[PDB]
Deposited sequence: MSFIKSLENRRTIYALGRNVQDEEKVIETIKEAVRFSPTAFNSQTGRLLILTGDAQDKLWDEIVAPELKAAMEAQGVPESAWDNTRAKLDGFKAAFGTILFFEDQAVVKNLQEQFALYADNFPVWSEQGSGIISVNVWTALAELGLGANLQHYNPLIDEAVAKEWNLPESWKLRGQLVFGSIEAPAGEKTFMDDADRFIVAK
């Protein structure tokens, strides 16, 4: 079922490169984003999908040095060891255009775009889990934004929101608790 697909998506930190069909993975990522709703069908999400040498470069040559430099003012190997990283961005040029066209809702578009980023991130994450791949969601934005845009020649309007590290599952998800239903759901007739 759909609910089963949701339940099967988990944060997996222990990731490897035992990925059988990279083309199918890419196809699935694209479909998960394609079929995600966005306010006014604005489709503000943008993805940079890195594998292979690009995956190694992101972690060794961008994240590690940017983090070290930022600290002066391990886990990184576990992220590198994964098959790839999907960097999720929101296109600010579209957001701004919508704000101008519908000034009535100018304040809403940034909010809906942020919601949109969450939406496409989890849809991709869950789609990957259905292929038997694990993933985890990181936030090294805004630290790495400039270096990523330069290395892969991204438009200035792409605002980095999240990095979904993915690969073969090499150890199970940890334990997870849930709130009491009574504290978050109220049903009235």
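Missing C-alpha runs, given along the deposited sequence, first residue counted as 1
Residues missing from the model, as numbered along the full deposited sequence, span 1, 75-86.
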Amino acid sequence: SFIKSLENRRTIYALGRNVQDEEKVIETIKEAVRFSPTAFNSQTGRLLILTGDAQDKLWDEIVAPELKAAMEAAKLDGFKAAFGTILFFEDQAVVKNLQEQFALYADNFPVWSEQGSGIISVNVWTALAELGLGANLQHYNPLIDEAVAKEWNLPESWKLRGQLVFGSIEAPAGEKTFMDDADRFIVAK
From here on, numbers count along this sequence of modelled residues.
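Taking the recorded C-alpha temperature factors, which stretch has the higher mean, 116-124 or 46-54?
Looking at the recorded C-alpha B-factors, 46-54 comes out higher on average.
Averaging CA B factors per stretch from the PDB record, which one is higher: 87-95 or 101-109?
Comparing averages over the C-alpha atoms only gives 101-109.
Among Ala39, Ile29, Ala70, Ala135 - the residue whose C-alpha B-factor is largest in the record
Within the set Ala39, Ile29, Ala70, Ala135, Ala70 shows the top C-alpha B-factor.
task: Determine which member of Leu131, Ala64, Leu160, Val33 has the highest CA B-factor, using the values in the deposited entry.
output: Comparing C-alpha B-factors across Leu131, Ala64, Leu160, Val33, the top value belongs to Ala64.
### Task
Give the position of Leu6 by CA B-factor within its chain, expressed as the lowest, middle or highest third.
Bottom third by C-alpha B-factor.
Check: Should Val165 be placed in the lowest, middle or highest third of its chain by the C-alpha B factor in the entry?
Finding: Answer is lowest: the recorded C-alpha B-factor places it there.
Relative C-alpha B-factor of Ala14, binned into the chain's lowest, middle or highest third: It falls in the middle third of the chain.
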